[PDB]
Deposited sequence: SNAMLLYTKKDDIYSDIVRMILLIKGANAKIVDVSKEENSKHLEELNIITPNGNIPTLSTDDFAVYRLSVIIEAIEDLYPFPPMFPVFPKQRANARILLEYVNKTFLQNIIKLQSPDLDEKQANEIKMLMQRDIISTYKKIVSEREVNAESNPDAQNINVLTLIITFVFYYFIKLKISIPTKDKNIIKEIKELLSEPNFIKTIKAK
């Protein structure tokens, strides 16, 4: 059966859990930061090279790295699709996913590290604050049709705004429409469901 090794307040764990929810995969979610899951943590370090979090464990394999976890979930559960189904658009989305991973997701992890300086933290916060709206506008520009499903980029950008709040970083916009849209993302039923899954 499907098992997801998670960790508390980890943007990557959260993203994969929401993906698994939308895909309708009935996965066992195990938080290895909890002392009762100590045995699952021991297993993780046997099946993975560095006890990587998150880890999606299938009957046939164990995967780590967000883009690889997504691809493995998509191979086994293609519906609803997380990426565009046409080559050009698919390529663009995967490149934009890499940009969001590098610019936001990796930096969110850095701000949560105990070995973080005052200089380093302000560099990261300034960086993410500068591009966040530009990236958000670019993700919605790619979408530019009712009862339709969400894409992996909208799903991930929602978690970026959620972690901005979590890290007490203000979302830099005065635009009423963008504010309404961000509030609409943060109130998506599957996002709430994932946030209250703990």
item	value
Stretches with no C-alpha atoms in the model, relative to the deposited sequence starting at 1	1 to 2, 147 to 152
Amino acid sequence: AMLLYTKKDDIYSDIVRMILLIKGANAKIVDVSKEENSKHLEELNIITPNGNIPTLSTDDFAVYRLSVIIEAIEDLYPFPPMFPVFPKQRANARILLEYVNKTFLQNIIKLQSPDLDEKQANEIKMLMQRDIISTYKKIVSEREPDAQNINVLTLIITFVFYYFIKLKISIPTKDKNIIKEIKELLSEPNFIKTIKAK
From here on, numbers count along this sequence of modelled residues.
item: Stretch with the greater mean C-alpha B-factor as recorded in the entry, comparing 157 to 165 against 50 to 58; value: 50 to 58
item: Entry-level comparison of average CA B-factors, 38 to 46 and 66 to 74, reporting the higher stretch; value: 38 to 46
item: B-factor third for the C-alpha atom of residue 19 within its chain; value: lowest
item: Residue 84 - Cα temperature factor, lowest/middle/highest third of chain; value: lowest
item: Position of residue 11 among the chain's modelled residues by C-alpha B-factor, lowest, middle or highest third; value: lowest
item: Where the record places residue 94 (Cα B-factor, split into thirds across the chain); value: lowest
item: CA B-factor placement of residue 32, once the chain's modelled residues are sorted into thirds; value: middle
